[PDB]
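The structure appears below as structure tokens.
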Amino acid sequence: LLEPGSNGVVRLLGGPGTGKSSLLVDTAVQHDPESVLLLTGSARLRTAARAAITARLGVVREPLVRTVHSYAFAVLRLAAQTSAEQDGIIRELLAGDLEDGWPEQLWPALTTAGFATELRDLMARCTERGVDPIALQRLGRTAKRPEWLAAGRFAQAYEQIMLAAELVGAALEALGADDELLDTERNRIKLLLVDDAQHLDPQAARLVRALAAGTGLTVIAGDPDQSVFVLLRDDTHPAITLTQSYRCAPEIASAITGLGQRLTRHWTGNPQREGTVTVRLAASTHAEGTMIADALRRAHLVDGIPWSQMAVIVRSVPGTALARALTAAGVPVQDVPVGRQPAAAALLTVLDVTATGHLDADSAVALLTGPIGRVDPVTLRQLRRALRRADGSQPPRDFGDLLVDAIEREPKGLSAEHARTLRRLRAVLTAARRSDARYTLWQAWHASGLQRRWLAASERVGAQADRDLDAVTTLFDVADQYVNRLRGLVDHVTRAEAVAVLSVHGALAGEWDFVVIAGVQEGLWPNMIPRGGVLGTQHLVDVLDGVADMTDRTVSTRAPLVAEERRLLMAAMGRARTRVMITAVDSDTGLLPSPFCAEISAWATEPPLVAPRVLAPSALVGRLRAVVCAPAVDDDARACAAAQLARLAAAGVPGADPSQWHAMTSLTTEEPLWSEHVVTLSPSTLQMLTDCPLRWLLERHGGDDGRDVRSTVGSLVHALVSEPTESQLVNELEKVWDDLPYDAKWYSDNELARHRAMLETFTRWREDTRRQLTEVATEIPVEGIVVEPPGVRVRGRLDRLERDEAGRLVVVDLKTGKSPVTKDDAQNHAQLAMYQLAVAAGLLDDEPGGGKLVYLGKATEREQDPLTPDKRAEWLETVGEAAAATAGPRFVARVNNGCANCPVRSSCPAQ
Amino acid sequence: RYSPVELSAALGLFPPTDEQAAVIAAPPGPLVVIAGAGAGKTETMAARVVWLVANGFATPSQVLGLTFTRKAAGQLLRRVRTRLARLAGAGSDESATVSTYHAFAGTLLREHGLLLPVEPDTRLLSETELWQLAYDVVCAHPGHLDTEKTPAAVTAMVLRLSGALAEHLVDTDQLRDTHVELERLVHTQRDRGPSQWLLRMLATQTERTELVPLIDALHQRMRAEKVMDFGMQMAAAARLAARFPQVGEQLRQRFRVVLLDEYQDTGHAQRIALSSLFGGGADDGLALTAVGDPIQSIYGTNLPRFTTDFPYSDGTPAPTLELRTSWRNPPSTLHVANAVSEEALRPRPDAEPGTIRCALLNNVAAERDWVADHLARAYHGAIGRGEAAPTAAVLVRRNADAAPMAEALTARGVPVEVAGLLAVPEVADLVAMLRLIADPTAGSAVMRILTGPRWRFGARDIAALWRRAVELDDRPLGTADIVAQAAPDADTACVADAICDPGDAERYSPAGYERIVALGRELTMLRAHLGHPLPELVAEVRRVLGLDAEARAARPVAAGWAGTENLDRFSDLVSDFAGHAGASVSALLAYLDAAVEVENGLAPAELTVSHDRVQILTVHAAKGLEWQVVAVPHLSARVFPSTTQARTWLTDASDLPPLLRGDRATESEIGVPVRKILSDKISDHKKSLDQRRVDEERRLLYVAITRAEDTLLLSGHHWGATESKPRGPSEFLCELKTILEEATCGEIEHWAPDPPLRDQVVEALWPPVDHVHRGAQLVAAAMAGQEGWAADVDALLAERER
DNA sequence: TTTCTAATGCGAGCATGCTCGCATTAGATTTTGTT
Ligand SMILES: Nc1ncnc2c1ncn2[C@@H]1O[C@H](COP(=O)(O)OP(=O)(O)NP(=O)(O)O)[C@@H](O)[C@H]1O
Ligand code: SF4
Ligand SMILES: [Mg+2]
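So the sequence lines, in the order shown, correspond to chains A and B. According to the working numbering, the residues represented by the first sequence are 1 to 911, in order. According to the working numbering, the residues represented by the second sequence are 912 to 1713, in order.
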């Protein structure tokens, strides 16, 4: 059997790992250069098969090695003597069908893509299992399920409008058309190496039989047990069986065959390849990832087995939480459109603006932060300032406008370094204009020097250059496609050695040495996910496929069948040739192991570990230096860890020596601000310095998020009030209000109305209290020494001063808030006390008076009793104490009522 | 078939008591089993399941278990799995299915959505991917909005109200006629016209009817994006189950026994989603047992109505079986857990009683000291005993006022005190560094970095830095001048300019200039990364900082190698938010800040430890944990009764009126008879609506008491911090005093008589001033001249050589 | 630089007893839920 001049048909089968895939190669080599056909199952398999055969063979001719779908396409080619467009057709067909007045229970569902996708699935499954639409309508009449017959008539309507998964269905009748075309190929091909028969469709199975009526020889190969994806490998045809693994270890083969016992199920591993199976667990979702990283790193670095010979065959990548945690420990892992990619988008915007001929400001900034001419934020903050020195304006010009004018013509005021960061943009935006007669895109690409930079970035970020070049090459390919198919282009484009994590289904072509089957969770691997829907596709597919179930919709729409699920794991372990590892988790607080973990633990070689060891420097040093600084445990291992840290820091590995340790860093100065003196205290400053000097420092100096909008509106109202008649103020506020950043358009109007009412309240109060108080001055500055031996010399600005009716001086200050302060805290107000102190010491022109503290919002006021020398001395003492507190290092950080909004809160030690 | 007792003794467990006998022997039919607190739930569950599967009424694949919370569902699943597996030994392939309610509703939608116009592949929103969207639709809404409220504070009302429409199934179309009935009545002593207060209540109703368009805009915005929240999801499931009977027929065919575990904590959205499917009038062959406790309803009245909602399908109600014998101390269960009788339990294990102690102190500090002393002496007596380890814990009402308990216990005890993911100092530095990289005008981040442990600066250096930063500004009044300032463009003074152009090296301290230069080089290195994808940029920043090593370098040797779980969960969240409608290195920080504002940071890794630690957890949380002696410290006038934060339906514009609340548990404000008549009638309805708030605190207090595994140290303070008035002991304590003093079983301690209070302040000098130093000296001496560390180090160096 | 809502104790307004605006001050309750 299986020899030159042998019989027309022969059957080949054997357990996984056996030489079946490479067995068929030899009989092809010895045998015309043509007349041999190899049907593998996937074009990725074609690469390996053709490579093997050709490299085992100057005038040698490539044997025709192809796939079932490709062969059906070639059959249709001789008979001539995509999913996106498919979905478009189907959705428009349903939209049309919605016109006239399906069982009507689902009329609302027709507009939805959810129904279109399920209908796509139903038709695809029907075509793959080879049932005509008329036959399915007959099924819908026989079994009283209206949706089925409706879908059958829909399929009938679908096939009307035509005359990629129907190639086999077409070829099945294409062969029968001539009935002599069959003999043309039966006399042409003699060998027909059809292979991997467990993965063939029932329709494609018919084509194989048709091509194997009788001539020459044919071979069918494949394990008739890992059929999960239903084969019929039962006949009187001659059969060859293989029972030596050649890949898996007898320890591994033991476990796999023990699994297969509860399901030719017998086969033994290669004796030479000694290996093992290990079952492990973890105590959390992260412990599993880090221990997989641990095991992979140890296997790579102690056991010598490299990357590209390991893998993590998980159930199905929905999964993604594993590549990250597995890369963090330093394990390479293998594997979003051109519109999203930023390097492509930048040059795309250049092309867009070149085609348009006009550059909006809001699109010139967007290519200063791109990769064409790149500017970081604190260089945009240099461009802004430098440009606003070119043309000093009383209100500064908008940055977008300044930038676009600078680009189109260069102002050379500062231009120190910013000459080049604008020169690149000049070059690109001009050379793009240079042609104006595609080729222009290449010209723009060349004008900017980013190609040379990226190709000189082949070092270390070097990955980013590779990604960017991939994106730009894809863009160029799209451009070529459009040229062979520029305002029409911009909207045209709008629409190795590494551990390889991959799902089980795609992991059926692996020759790996170390398989780690992550995620054997209970709700995941034996799937309890219901298979049902609205069209009953799952219940129809098994009644259609044989008599897997009678015309009852009972067992199908419950869950995937375990017998159909254990085969997956059984075939998954078969890929590992040396070692396996089945990893599941079980944690008390949300997770359990599957019913398969316990069974696998029977044939395995050997308190789930809660924080597993890792092999990575940033982990190992953080473990070592964690024991040496221990209060008391590991008395001698402390010395061992000290020696190991010495060896580590002798070479590198940042974090080892106490120079790098954070808790060993030392303060820079430890020296007073003004050890020498006179220190100036604006009245507002004293009101924070009497509460939290740390807050004074860390906020008044640099720690403030910066200029909210309730702060500039308040000062704007202050300025409107200051100038010396309500009716004329409102029209000053109205004209300027529009250039204020508010989040909500409807909010802007409400705030404008409220602030107009605020001005009106101000004028009402003013004309009310002119009956006893007269305004000496408004917005009068305050400046002059008050207490001094350190002196303070308060300086600041006063909102409004007033002369009392009977020889005094009442100082006020307008606040634009809604929440007044209490009447006892407004008796001890630091600001007003400071103003009265400044008045009492002259420098305004003269006696202490009250402090009104008028709130414009809602007009309530909280007065302060005019000072006395009995109290004034205490206030001077307080001011002196505050001034002394400004000086020394180690500022106190007191807590107070205002400690709930201070911007420096993430750094104070009192918290 | 086997009887319950015979079946139980066939296994390795004790014979179930009489209470656990009736429910197990109950015939298949809709029944409810009121299970007391501590009465041994989630074991009777497995007993009933194994009874059914052994007598052969249903195979394991036909069982279904529903439970409100994920952890309790996991517990039930584990218990059921082990019981079923053990039964296989004494007289297989499939297993139970256990799911939390919302997961079951999700599965129901994904299996039968299209019968409704509901997409199957609808993303689900967290509480911070929603707010960041409901604040967009409110911002963009065109109109008037005569409301006088800040945006992002009407977003709160829109979310709260739209979170109740999708719970009582109202759909915003019938919530437009609710104010005419009251306005017409109010508009038609003294003849002043309607009182000022009355118009305020009407204003709220008009405001709600003005929000209605905002509520409707949000729903369409979510439909357009194929996006759905938890409330909308469960409401959709309820609508589907109510409208279509074939889904119920399918589900009753597939599942022959259903386990509604926590049925007293489920609202009107699920009460109808779960009766319509199975229990309405369906076959009596289905088991349908439900074990609720009506007294302990923290979260939020379906139990009093289960009968006549899940009947025998002939028009006859369902049975009711009880569970007592709470496996709890007599003193707590007897005379104390009867604090709330209001029903219009027994000492189970006949075990030794326990002391119960009350106390009225004269200061929050004093009461804190008293409770701390009691717990401390209890803990230390274990050490002399030989490690008894009482592992107590304190139940506190407010989420605050529990941090200082760590201060008062770390002196003698060792507490855990079970901070969001964005308050752990391992992550906050990463967020701050990201912020400083992305946008310079962030002083609250520049300080967190300049004064951080990695390189401390002095006041002199910060002042000099800010001096250079303000000198570099060089910017010279009018209203157009003011408004032109503070635009999205206009520039100001920001420290992140000095760090990049420090200037002359003389001004800074000689040590502090090198640090400035190094930070400048670091930031100029990183700011080149903003073009990179965001999940890679974050890890690059973490690598550049020392966070990965240092988060481990500060950890007890007890814990094995942990420390980086918070960082890895944060990078997971980053890797999830990213690749999702936009890279957005600067719209990530908007997400992080919005998450800080609402939902209080995020969910940390929740590390577990197994020491003899005193937990400081909150009473509202941790239901079902019954471990050791517990104490409730604060029972003063306004802390525990908490009846101040009450906003009824007539003032809060984001609360459903009783007339429309499909619960109708409260009174419906008849108002049919007719202003002084009405003005009095409202206040009575408000007072009735207030007693519900009190009735929601007995259940908190009853839950707290019924966790007293060993003894109690409940107490009540006086003269709380930072106030003016005594705030004497509230309700729940005076009555608790009386109920204590008429029995064997309480002790009264110090009972401070009710009387100027504290004004002492807290301080901490800024730049702070040892085991670390001695270890550093040891390492230095080692440089000068087990666990297998040598091989690991050799392997790492062999990697380095290459 | 900045605040929601409400409970409190007046304090004139008029059929000594309420009674109702009017101005002044205290606190900002807790989590459960998908793949
Ligand atoms: N007799 C043999 N002697 C040496 N090496 C062999 C022999 N037979 C097969 N191999 C090797 O085994 C490798 C695996 O190829 P092969 O076993 O033919 O794939 P396969 O096992 O059929 N795929 P599968 O379906 O999983 O069995 C080949 O690449 C050969 O190197
Ligand atoms: S939170 Fe309090 S202690 Fe900290 S800086 Fe602010 S005011 Fe000072
Ligand atoms: Mg002012």
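Positions of the beta carbon are idealized from the N, C-alpha and C atoms, including for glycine.
- The beta carbon of A:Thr537 sits no closer than 8 Å to any beta carbon of chain B.
- One finds nothing in chain B with a Cβ atom closer than 8 Å to the Cβ of A:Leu231; even the nearest lies about 24 Å away.
- Rounded to the nearest whole angstrom, the CA to CA distance from A:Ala632 to B:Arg1685 is 13 Å.
- Short note on B:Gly1354: C-beta not closer than 7 Å to any heavy atom of ligand 2.
- Near chain A, meaning a CB-to-CB distance below 8 Å, the residues of the stretch 1320-1341 of chain B are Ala1339.
- Neighbours of B:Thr1018 across chain A, judged by C-beta separation under 9 Å: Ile529 and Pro530.
- The secondary-structure analysis by DSSP pairs A:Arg438 with nothing; it has no beta-bridge partner.
- When distances are taken from the beta-carbon of A:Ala893 to the heavy atoms of ligand 2, the shortest one is below 7 Å.
- A distance criterion of 7 Å places the beta-carbon of A:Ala910 in contact range of ligand 2, judged by its closest non-hydrogen atom.
- In chain order, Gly8, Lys190 and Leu191 place their CB closer than 7 Å to the CB of A:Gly216, counting only its own chain and leaving out the 5 sequence neighbours on each side.
- Remark: three or more beta-carbon pairs, one from each stretch, lie closer than 8 Å, so the stretch 1279-1297 of chain B and the stretch 1614-1634 of chain B are flagged as touching.
- With respect to B:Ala1303, B:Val1525 sits close: the two C-beta atoms are nearer than 8 Å.
- Within the same chain, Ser503 come within 6 Å of A:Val317 by CB-CB distance, once the 5 residues on both sides are set aside.
- Remark: three or more beta-carbon pairs, one from each stretch, lie closer than 8 Å, so the stretch 1034-1054 of chain B and the stretch 1499-1514 of chain B are flagged as touching.
- Under the DSSP assignment, A:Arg625 falls in the alpha helix (DSSP H) whose first and last residues are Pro617 to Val628.
- Linking B:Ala1709 to A:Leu648 through their CA atoms gives a straight-line distance of about 12 Å.
- Contact check between the stretch 1207-1220 of chain B and the stretch 1605-1618 of chain B: three or more CB pairs, one atom from each, fall below 8 Å, which counts as touching.
- Of the heavy atoms belonging to ligand 2, at least one sits nearer than 7 Å to the Cβ of A:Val904.
- Distance from the Cα of B:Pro1351 is smallest, within the candidate group A:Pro889, A:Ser83, A:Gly17 and A:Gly706, for A:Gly706.
- By the neighbour-count criterion, in which a residue is buried when 16 or more other Cβ atoms sit within 10 angstroms of its Cβ, A:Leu837 is buried.
- Contact check for B:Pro1446 against B:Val1485 passes: the beta carbons are separated by less than 8 Å.
- The Cβ of A:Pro789 sits no closer than 8 Å to any Cβ of chain B.
- Here the distance from the Cβ of A:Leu773 to the nearest heavy atom of ligand 3 is not below 7 Å.
- Only those residues of the stretch 1560-1589 of chain B whose C-beta falls short of 7 Å from the nearest C-beta of chain A would be listed, and there are none.
- One Cα belongs to B:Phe1221, the other to B:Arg997, and the distance between them is close to 33 Å.
- For B:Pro1399, the C-beta contacts it makes with chain A under 7 Å involve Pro741, in order along the chain.
- Contact annotation: B:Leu1245 and B:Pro1260 have beta-carbon atoms that are not nearer than 8 Å.
- C-alpha of B:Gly1512 to C-alpha of B:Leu977: approximately 30 Å in a straight line.
- For A:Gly14, the enclosing beta strand (DSSP E) covers residues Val10 to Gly14.
- Judged by their CB atoms, B:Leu1122 and B:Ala1564 are nearer to each other than the 8 Å cut-off.
- Between B:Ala1397 and A:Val717, the alpha-carbon positions lie close to 15 Å from each other.
- Nearest to B:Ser1073 by alpha-carbon distance, out of B:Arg1021, B:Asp1127 and B:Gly1490, is B:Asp1127.
- Burial is judged here by how many other beta carbons sit within 10 angstroms of a residue's own beta carbon; B:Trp1472 has at least 16 and is buried.
- The three-state reading of DSSP puts B:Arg989 in helix, counting H, G and I together.
- Between ligand 3 and A:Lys852, a heavy atom-to-CB distance of less than 7 Å is absent.
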